[PDB]
Every structure is written in C-alpha cells, then in structure tokens.
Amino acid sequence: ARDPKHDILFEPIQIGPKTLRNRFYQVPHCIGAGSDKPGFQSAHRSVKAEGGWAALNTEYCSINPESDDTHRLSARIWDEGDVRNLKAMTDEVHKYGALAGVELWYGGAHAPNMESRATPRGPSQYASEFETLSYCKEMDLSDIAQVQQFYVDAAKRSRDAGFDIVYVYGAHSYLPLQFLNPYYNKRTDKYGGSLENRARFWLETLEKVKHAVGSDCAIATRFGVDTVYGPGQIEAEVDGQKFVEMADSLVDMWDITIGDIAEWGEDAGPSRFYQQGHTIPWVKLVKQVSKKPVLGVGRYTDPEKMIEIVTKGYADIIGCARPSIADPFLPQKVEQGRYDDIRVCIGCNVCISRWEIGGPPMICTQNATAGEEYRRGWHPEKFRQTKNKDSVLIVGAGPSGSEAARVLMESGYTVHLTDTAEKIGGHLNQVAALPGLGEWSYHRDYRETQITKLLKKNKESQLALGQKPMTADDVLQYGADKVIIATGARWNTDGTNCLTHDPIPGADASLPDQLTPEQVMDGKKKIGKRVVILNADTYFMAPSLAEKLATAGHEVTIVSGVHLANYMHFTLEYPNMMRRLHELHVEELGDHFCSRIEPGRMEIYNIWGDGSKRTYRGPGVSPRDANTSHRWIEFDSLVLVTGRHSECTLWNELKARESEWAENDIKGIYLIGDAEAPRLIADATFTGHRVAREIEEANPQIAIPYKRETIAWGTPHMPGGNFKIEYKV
C-alpha cells in the first residue's frame, strides 16, 4: 500500500552511539506536563512511540532552579525526584522500541523564576525583551564554570533517567545562544567579541556534556541558525554556518530552528502566515557545511514534501512537533499506506496558546485526545466497541457533531448525521474562507473523508446533508435511541457583549448599514466604503474581517472594548497580524466602546472615562464622577463583532417536551459544542469526542472524573524525604 517512493522515510540513521529506527523524529516540545504530570508525559509520548516515531523528546528541561519558567511549565531535572518521574516516560517509549531524548535548558533572564525566586545569570546583565521585569546577573568566570557544571550534572541525571539523547539547547534565544549573539553578549573577555570567543561557552558545554555521557548517549544540539532580525543578531551565512563548522565534531546531530523567543511564531509558523516547508531556505544552509545528520522542522505533514527535502539534500531526518500532536500515528499510516487516515495539523497554534498562557495542559484542535491519553484513557486510534445496537441521531455536522459522529461510528454504533448545510464542517466552512485561514479546512476535510469511509462499514449508518431543518417532532419521531444536538452558535445581532451583557441601543444587523460576520462572509449584503468594526472579542474574528475588508478597498476602523487580538499573543500570530493591519492602514481605537448607534454614526466612549475616585454617594448614583468622554463617529457600514450566542431553540423545545421522550423510546438527548456554550473549535470537537466516548455512561452530558496528577499529602517528592513541616530554628 505504501508508495515505494516513501521507503527512504523508513531507513534507519545512526546518530552517534545510537540508531534511529526510521526518519520520523519528534523534536522537543511543550505539552504542559513537564516533570509535574508524569502520566501525561508518559502517555502522550508513548502513544507516539507505538505510532512509529523513531524518537520522542521531552520539552525544555530546566537544569537548575535558577532557570525556572514559572508561570510557564517546563520539565525539570533538578534532583532524584525528577529522575524517577521522567523515567516513567523513557521506560514507556522504550517499550515500543523508540529512543527518548531530553532537552537541557537554562533560560538566562527569559526565565522569570517565579517559583524559585533565584537570580538568573547571563553573559551580560539585560532585561529580557520577553520577560520585561526579569533581569539577570552578569556572569563572572566562576558563574560560567558553575553553570557549565549545571549542564554536566543534568546530563548525568538524564543518563540515570534512561534517556538516549541529550540536547544542549541553544534555540529560542536561550543561554548558549545568548553568548553567541551580540544582541545579548556585550562582554569584552574571552567569551565576548569575536565568533571564536562568542562560540566558546557553547563549545565548552558541548564537550563537557559529551565527556560526561557521550559514550551512552547521543549528543544533539538545537540551534537557532538565524534570528530572522537581519544584521544585528545571528545570520545563517555569517555566524550561523561558521558556528556549525566549529561545533560539528562535537555534535552527533544538528536540530535547526529560526527565530528568537519573543517571536517564536517564526519557528512554529502559523498556517495563517507560513506554509509547510517555510524554513527550508535557512535549514538547507546547514547541511551544506555539516558532516552530521541535520533535521529542521517546517510543519511537515505530507510525505511527498518529506521525501523532497531528504532527496534534495535539505535534511536527513523529518523533525515534527505539531504534526505529531495532531497525529501520533503519522509514521505508521505512511508506512502502511493509509495516507487518507492522516489527521493533518492545521497550523492554528492553539496547542502553543495553552502553554503560553502558562499553566494549562495542551489541547489540540485536530486531536481531541491530546492531553487526554492518561487522564481519561483515550487512545487516539483505539476505541471501545459497543455491545448493543443503539442508533444515534446527530443534528448538526460542525466540528462537534462531525467528531461525535466519527467516534461513535468507530465504536460500532449506527449513526445518522444530518445537517441543512450541504457540506460537513458547520461554521468552519465560513471561517476557513477568511484571509489566511485556508488550511483550517483540513479539520472538516478529515471528518468528511473518515465519515464517508466509515459509512461503508455500517450500512444502517446514514449521512443526510442538504436537508430541511430538523424539528422537535422530526426528532421525537425519528426512532434513534439517542439524539445529539450540535446545532452551533451565531454572532450576536443586537450588540450584546461581554462588557454590558446587554444589547446596544440602535444595534440591529437587519438594518442596511450593519452587518454580522456571517453577513460579511456570505458576501451578499452590500458594504459601504467606510467600515467600522465594533469589537468585544479577543481572538481572530475582528482582525481577520478587518484584513479582508481593507484588502477589498474599504477604510476600516476597529473600535475595541477589549484588547484586540489578545488571544493571538498566545498562538504567536499577534506580531505579524499587527504588522499586517498596519500595512493595510487599519485604524485601531482601543479602550473604547459604544453606547448607541444611529444610521451612519455611533457614539463611543473611553472605557476608563469615569472618575478615578470612589465615594459613597448613596443609592441611585454612581460612586465615581461621570464618564464624559463620548463622541460620535461616522461609518458607511458597521460590522458587529460583539459576541456569540448558542443556537439551542431545537434543544429547548425538546427539553420542554421531555415527558414525550420515553413515549417515543428516546433514551436520551444531549447538547454539545457551541449550542451548549460558544467555545474554541478545539473544545467544540472535544465535546463531540467526549459524549461519543461516554455515551453509555449514566449521564453523557457531564464528563466523568479523569485521573488527577496532584501530590498526595504524606508522600514526599524527594525519595526518602520528610514531608512534614520542619522550621529551621
């Protein structure tokens, strides 16, 4: 079944003392587990091992508590307690015949150290451009020797934990790169100035780590070969290549990236800006000068692209982070020729966003089991089979409905999925037509393909699209045992918003000079020259519409009561988005909202317009002086992006008539997705996945408990430590 052209992907490659079983490599990446959630870490990486990935790597792994990333979650290899938690992972990926790697990390001032409160050290004292209140101490020669010893000690504990590959991590502008890069390194001693001096710290660390564990472990390094800032930081054909020549003999394998830390969306390229293989112009520069295996991520999901870069001599190994999150069995599907079962990463970066927010576990828009493998026992490729003949009617074929259909069908149920829309995908069909978001299609392409394939396996299963809207009676009299309502949400038409929770006087999207997103995207309702987009949403909709409208020749002003595109900080889209709105001359009026709308004009006010002093003036009167900042602005068309509401009128009717359910042999009706409450596409598809996994539980409407990975009082993290309160007195 496998096209023999793909056979190269399954040749083994020696990395130092080790052998990769094939050319599929999961580069180090955060998942929100670290050494704190050992089951999560263990399960998420081991399912990938059984899925065929040659090597699995932890995320950035702190070598010492003065590189503590709290509030974000890194791995830590500080002590014996970590060695045991991390070993859970290496044992479990070894079980399925894969290598395990750890990415040794020291952050410099980029690590805020909010747990440890320790002082970070660096080449020169600087305030981090990422963590702008975090400063570091300039290292003296002893600081340098001590921190190099941190690396050696961590490498040894890594061998103890059972790791096969040990990185010294100099990508994303972390310590080794801070020495190499003059942007940080202002020294004038033997560690500063010339390339040879600036390369010195990394070189010395490499051979010290190699000396400590090089016999048992492959020594890899992760290198940001170009900071993509131009002259002034690392350029690939200046320092980048010359450094690779210097260090080549010490490293068993090169793992290449581009970009810095403040803008690491240049590495993890959103599909909004970057296509698969976006990194190739920089990555290939390395294989030019290296004599060792190199790999370089580039959101590779397509085996034709994978074989192109290997045979064209751009890379030897296929490095993946996100592709491996979206589909842990990518390599097995390619090997077996099941190319149409490949769940393709859509480059949305919602997995990243959870880490960036600092704390929460990762989630994935494509793969609703990511982060759920251990806590709820959900294997992405294995499904409990039903022992009964229950049919299920799903009304709504959007992200949630289509996912519930797919999982149910995989579990052997008989399902009837219906929609008024002619195509599976729900609102995602409109969203993927926004400028830049075309690859978000892959979400609904995947369920379409899977659902049509699965239909052939149960002939009682039906797909009824292009339908007439289901009614309460239609549902009651349909004869399904269970019904899942996945009818979605729409954008508010009356100015209702998270700020007031009330409509705005004069807001009415049926008026000729007011549009909703849906009206804009259907492209029928005419839009005048001067557009104002009123915004109370912090994600993609208002910026995407602004771009769309400005490139169509409108003059667009966003007046935004919330921080525009805030969530796009976390997905890493923010910087290029702002640059994009800027070059399109989109005017932004932040910290303003709307008190009333008339034809062709609206009254706006500053949200900080009230008196700063609070005085008790009794009931009936505000405790602050009045907001006096109101002014009118004109528009030709007003686009309302104020919030969404659940489309649950069908559900409500069905619930009203719950008495009749039993009469009609309906065992239960459940509400999922945006029809329950508007949410991220990722979580909409999760709800469909969850009710499908749990449809035989007592109440599939509410999730059953998941395994919790929190400390049990009475059990010390330190092997053989004392857990009780002891004062140093």
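For every residue, the number given is its place in the sequence shown, counted from 1.
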Look over 48-56 and 672-680 in the entry and identify the one with the greater average Cα temperature factor. 48-56
When mean C-alpha B-factors in the record are compared for 462-470 and 94-102, the larger belongs to 462-470
Per the entry, which of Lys190, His71, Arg631, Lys389 tops the list for Cα B factor? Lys389
According to the deposited entry, which of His110, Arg272, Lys312, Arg200 has the largest Cα B-factor? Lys312
Position of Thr538 among the chain's modelled residues by C-alpha B-factor, lowest, middle or highest third: lowest
Classify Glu663 as lowest, middle or highest third according to the C-alpha B-factor given in the PDB entry, relative to its own chain. highest
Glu697: which third of its chain by C-alpha temperature factor? highest
Can you tell me which third, lowest, middle or highest, the CA B-factor of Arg338 falls into for its chain? middle
By the recorded C-alpha temperature factor, relative to the other modelled residues in its chain, which third is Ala546 in? lowest
